[PDB]
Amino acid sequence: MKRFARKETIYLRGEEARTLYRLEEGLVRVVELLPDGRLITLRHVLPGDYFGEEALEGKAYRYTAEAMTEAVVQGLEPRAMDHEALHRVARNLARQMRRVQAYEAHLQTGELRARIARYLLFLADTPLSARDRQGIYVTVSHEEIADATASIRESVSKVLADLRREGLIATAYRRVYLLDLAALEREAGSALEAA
């Protein structure tokens, strides 16, 4: 077991894939740095999910895994898993395949405004969410939203300003408060697979 702080990486693209990991607590994003400098979120790893999947098939990781919150991960030796462990891995990888394909569709469904609303609602069901008197909120940056909505930070910031002005969200202390869930749901249209 090993703990990681927000923004620390669990593994990097191109490095030896000797270890398979299972996320115990927190939220991890698998990302790719594009030719033009853009960082793109490929998928979200949630508690219970196996990642560093390359350890099961290749020699090196193909992507980089970054903790989005304080995260607790368990390293595992692929070659030392029993029948029961393999069953859990197969079932969980199947669930992540369902989720990443849904995420893929989301990136191509609706204008930016709808994609942002959908992503915020998705995050509301992850370890990135919390609640207080002001309401439900998610701790995420404008850049991270851009990374998961096929857009750039400047465009995300503009839509967030619109949503603030309209009363759907509020921002404070690196958080995005979801003030009108019903309105956000309508903006997103279809929800994004949270489990």
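All residue numbers refer to positions in the sequence shown, first residue = 1.
As the entry records it, the average C-alpha temperature factor is higher for 178-186, out of 10-18 and 178-186. Of the two stretches examined, 138-146 and 33-41, the record assigns the greater average C-alpha temperature factor to 33-41.
Across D49, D162, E154, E53, the greatest Cα temperature factor reported in the deposited entry is at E154. Highest C-alpha temperature factor among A85, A105, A117, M97 per the entry: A85. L128: CA B factor in the highest third of modelled residues in this chain (values from the PDB entry). Among the modelled residues of its chain, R62 has a C-alpha B-factor that falls in the lowest third according to the deposited record.
In this PDB entry, the Cα temperature factor of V72 sits in the middle third of its chain's modelled residues. For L121, the recorded CA B-factor ranks within the lowest third of the chain. Only modelled residues enter the ranking. Remark: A90 belongs to the middle third of its chain, ranked by C-alpha B-factor as recorded.
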